[PDB]
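Taking it in order: structure first as structure tokens, then the write-up.
Methodologically, a virtual Cβ is constructed for each residue, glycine included, from the backbone with ideal geometry; neighbour enumeration extends over all protein chains shown. Here, each number is a calculation from the coordinates, and none is a lab measurement.
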């Protein structure tokens, strides 16, 4: 709705990924994506 | 999220996002895939 | 609309030149190209079979382009092109023959006399089945047909084994989405 | 600099004419030329093998140009060209097939379906493997690769024996020195 | 924007003419103008003092323009201009002398020899201190300085009393708001 | 080694407020200030230009230089709820930390405060505000190896309380988005010495 | 943020030798190498292009980038005594650490070695030698956050022993001055990820 509001960051980082692993599948790692590790300040990004 | 979602209880306390995908300036190299088993669809069986 | 970019139409073709002379952009050619459909199909002896008995099944598997992509469209036209490589170990004399047959009609309800081809393991059969049909085109897997269009019936002299391939002649597909795909079978 | 001479650019070509019509000056042609790599290679039956299992070894031996010179450069590009001559004495029926496979990937971790070639002892297989790669070129013996570029996988129907040859298609090598060479084995 | 008026640029100057010939619009002149800073300052005898000991205090009081407005800006440049009127009742002979001194350096850590002025109660001292500095300008009350710029040191022969005034020479101030102001002292 | 350098905008802080939030970020701009112990209770302060260079992540591929001259750019954006009411004002005071206290941006009236330069900010309306603080330094150029001389402080202030419904909801709130960068820059001098 | 970047020459190492100095920096270039356990006993090795970026001090105001393409420049200078006698040769081997051993710069003859590219160095005469190693990478561009793919090794080698008087004096010695820098550079991509 129009009342829903906020800001969002999209930031692109080449290369590998901080991942979690399984014997059947993989997954992403959120911990390595906190604003302190990957600030996303200079990297290519958009803010919606 | 760079700023929290602002949403009065007049509406849902959450929202959702959708990720359309397509490509441009596309190109491929060779028709042999990189798997160990040929292509095959999961044709839904009757039951689990 | 709103569109952005983080910054091409030549670097593609350039790194293609220095890496790959094949500037593939159209798929239609990749339909004229063949691809194996079955590893060592078998066949009853001194008899005949409507190739559908095999086709329909591999169609469901998407092992090749003309089925893989088939799962991506609805309609097509044009003449398919089939190939049989012999690998059967033992025979005395080996005719291998091919006739026409409406798509899903059965061997019994159809003639065995008409435009045909024959060869002698030369171990190969290299036929092109044309597009003869009655509406304007064909739904790729319409379960409902009394043999609208044409297809192939096959005869051999002996209990036979063959490798098989298929493609299109002008063969061409309507746009659709795509289904879910199957991967590994990691049973425990 | 200081340079002297005890006294040509034609006598070479002249004594060549009257002695040898081949005015060879470029090696690149001598890469398009073939040369035997192995005398009577063997191969497991009704199965397949990644040709590396053989290639890598003969590469270390320098028995041919495309390895001998390989020991003289670092980098190359272009499509290799392999040939198999059958010499196996006994078979019933003999398909011989060839597929693509990333350079050093194993037979098990790879598909058996794709661009292929087949023939029937016609006793010979005469394929040209192209240059599909991912950096710009290839270090000639980089021990570290997850199959950057392409290579050949081979299938036969029976326990087989073959003579083998190899060359380049545009195949071409970076300059380097040269290693020490092995001569006779005069054991006592 | 939205702006309205209940209905000038000449009536001002006109009622000025007939009422006041002074068409003051610029303040800079009002900085070249003097104004009393202290009523009967005192001074130790046959000695000297860095005028800051007085200046800084009256600066905090805003009794004059060059402090009142100082409380309205941040930065300035140019040469100040100081004046001393003698009112001391009793002396035998009266030299009064003036030297230079970095702004906030002390009398002891500084020379007494250099460009100076002297006079004899003529009862007045009428000096102009120039702008010698080291950054580009001066924060009006930067508590932190090792004597960036110049200022005045004063010597007299006897225990002395003076009236004092100050202004600017090109003296000029950066814009700021303004602080709260003090009025009456109606203690009970 | 390289031709041109970073003007990349970067964030600093993000603050939130809600009606009835009695705190330093409220009690908006007391009319007068008599005592130095009840100063104008501000909301937020940035010592510039250091904090930018420090937290902005430009240091590494900007350090190994000593002297600098630059004009800072800044802008504030907001995506707050409408039900809030009030307004804010941002300003800068050069050397406020060292000049006589009576000439500070604090220890003055709201009138004097707003007399300072800057631009205002309606909670609801001023969606994206911008501002450009020039080189207020009396010093020719700014030192980096020391980074000690923040030649300005940047103070935010509240005009009117965060006004809204009787008792606020959670999304009944405000949030802020700071971004600080630079223009009119010129760097010269190499130096081994490093800001710690 | 900035237009142009650093091509600043920087030093790497400085070595010394004296006659009768039996060591890896001597036993100059054994004619043949039969066993992998008596390889051509070299003198000095630089894994490039990492060591440059790492010890060169260009990292900080070069980091925060991922892909790179560059041609390294290098030069060696000397101010040694005359009484020494001998000569040296410098060369580079791409990916020598990973290719089959028989194709390494080591595990070959001196003839093969010198067959490699480069330039020579008279102890006494070649006062200032220069060299330029192009982008020998098979990879399009070099990664920085990893910095793991030193696409070349740079080996110094001795041609003839350090020859001089019977028993040498202290200043009867040689010394070296390395300097490594870059030309033909092009950097693109920002990235938060950092080489440790």
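Measuring from label point to label point, each 7 Å out along Cα→Cβ, what is the residue G:139 to residue C:172 span in nm?
Result for the modelled spin labels: 4.5 nm.
Note down the relative contact order for chain A as a percent, whole number, built from C-alpha pairs under 8 angstrom at least six residues apart. Mind dumping the intermediate values first?
On the way: 37 pairs, mean separation 24.6, N = 48.
Relative contact order, chain A: 51 percent.
With runs of 4+ DSSP H residues as the only contributors, calculate the mean residue ellipticity of chain E at 222 nm using -39,500 (n - 2.57) per run, divided by the residue total and rounded to the nearest 500.
-3500 deg cm²/dmol
Looking for one value pair here: nearest-to-axis residue in chain D (by Cβ) for the rotation onto C, and the distance in whole angstrom.
Residue of D nearest the axis onto C, distance in Å: D:122, 9.
Please state, as a whole number in µm²/s, the translational diffusion coefficient that the Stokes-Einstein equation yields for the protein assembly as shown at 25 °C and 0.890 mPa s, with Rh defined as the Kirkwood radius across alpha carbon pairs.
Numbers: Rh = 39.3 Å.
Calculated translational D: 62 µm²/s.
Under 1.5 on a/c is rounded, so check that first for the stretch F:155-196, then, if it is not, pick prolate when a/b is larger than b/c and oblate when it is not; a ≥ b ≥ c are the square roots of the alpha carbon gyration tensor eigenvalues. Write down the numbers at each step before the final one.
Numbers: a/c = 4.23, a/b = 3.39, b/c = 1.25.
Cα axes put the stretch F:155-196 in the prolate bin.
Hey, for a label at residue C:53 modelled as a point 7 Å past Cα toward Cβ, could you say which residues of the stretch C:100-121 have their backbone N under 19 Å away?
So the set is C:100-113, C:117.
Give the calculated FRET efficiency between residue A:34 and residue D:26 to the nearest 0.05, with a Förster radius of 45 Å applied to their Cβ-Cβ distance.
Values: r = 60 Å, r/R0 = 1.33.
Once rounded, the FRET efficiency stands at 0.15.
One decimal, nm, shortest first: give the distances between the label point of residue G:3 and those of the same position in the other copies, each label point 7 Å from Cα along Cα→Cβ.
Spacings between copies for this position, smallest first, are 0.8 nm.
I'd like the projected area of the stretch G:120-196, averaged over all directions, using the convex hull of its alpha carbons. Report it in nm² with one decimal. Working shown, then result.
Numbers: hull surface 33.7 nm².
Approximately 8.4 nm², given one-decimal rounding.
Could you check which residue among G:58, G:75, G:98 shows the biggest mean-square fluctuation in a GNM of chain G with a 10 Å Cα cutoff?
Result: G:98 has the largest fluctuation of those listed.
Once you sort the root eigenvalues of the Cα gyration tensor of the stretch C:92-155 as a ≥ b ≥ c, which label holds: rounded (a/c under 1.5), prolate (a/b larger than b/c) or oblate (the other case)? Numbers along the way, then the final one.
Details: a/c = 2.73, a/b = 2.02, b/c = 1.35.
Prolate.
Residue F:184 label points, 7 Å along Cα→Cβ, one per copy: pairwise distances from this copy to the rest in nm, shortest first?
Listed shortest first, these distances are 4.3 nm.
What is the Å³ per residue value for the convex hull set by the Cα atoms of the stretch F:12-147?
Values: hull volume 17.8 nm³, N = 136.
Once divided by residue count, the hull of the stretch F:12-147 is 131 Å³.
If you find the alpha carbon centre of the stretch B:4-48 and of the stretch G:133-191, how far apart are they in angstrom?
Cα centres, the stretch B:4-48 to the stretch G:133-191: 48 Å.
Quick check: convex hull over the Cα atoms of chain D, volume per residue in Å³, rounded to an integer?
Values: hull volume 44.3 nm³, N = 188.
Cα convex hull per residue, to the nearest whole number: 236 Å³.
Can you work out the PRE-style zone for residue G:13? Point 7 Å along Cα to Cβ, and I want the residues of the stretch G:82-117 with backbone N under 14 Å.
G:89-93
Can you compute the helix-only [θ] at 222 nm over chain F? Use -39500 (n - 2.57) per DSSP H run of at least 4 residues, normalise by all residues, nearest 500 deg cm²/dmol.
Values: 2 runs with 12 residues, N = 196.
Counting only the DSSP helices, I get -1500 deg cm²/dmol.
When chain F is treated as a GNM, springs tying every alpha-carbon pair under 10 Å, which of F:105, F:133, F:185 comes out with the largest mean-square fluctuation?
Evaluated over chain F, the most mobile residue of the options is F:185.
Label-to-label distances across copies for residue D:32, with labels 7 Å out along Cα→Cβ, in nm, shortest first?
Distances between equivalent label points, in nm: 2.6, 9.4.
Taking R0 as 35 Å, what FRET efficiency do you get between residue F:189 and residue F:119 from their Cβ-Cβ distance, rounded to the nearest 0.05? The partial results should precede the final answer.
Numbers: r = 34 Å, r/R0 = 0.98.
FRET efficiency, residue F:189 to residue F:119: 0.55.
Please report the relative contact order for chain F, taking Cα pairs under 8 Å with a sequence separation of at least 6, and give it as a percent rounded to a whole number.
Details: 414 pairs, mean separation 83.4, N = 196.
Relative contact order comes out at 43 percent.
Zone of residue B:5 (label point 7 Å along Cα→Cβ, backbone N under 19 Å): which residues in the stretch F:148-179?
F:169-176
Work out the mean other chain Cβ neighbour count within 10 Å for the residues of G:59-67 and drop it here as an integer. If you can, show how the numbers build up before the last one.
Values: counts 2, 7, 12, 4, 2, 9, 2, 4, 2.
Partner Cβ neighbours, averaged per residue: 5.
When the Cα atoms of the stretch C:1-87 are enclosed in a convex hull and the volume is divided per residue, what value in Å³ results? Walk me through the numbers before you get to the answer.
On the way: hull volume 17.5 nm³, N = 87.
Hull volume over Cα atoms, normalised by residue count, gives 201 Å³.
Quick one: plug the Kirkwood hydrodynamic radius of the stretch C:80-128 (C-alpha pairs) into Stokes-Einstein at 20 °C, 1.002 mPa s, and report D in µm²/s. Could the numbers behind the result be given before it?
Working: Rh = 12.4 Å.
Roughly 173 µm²/s, to the nearest whole number.
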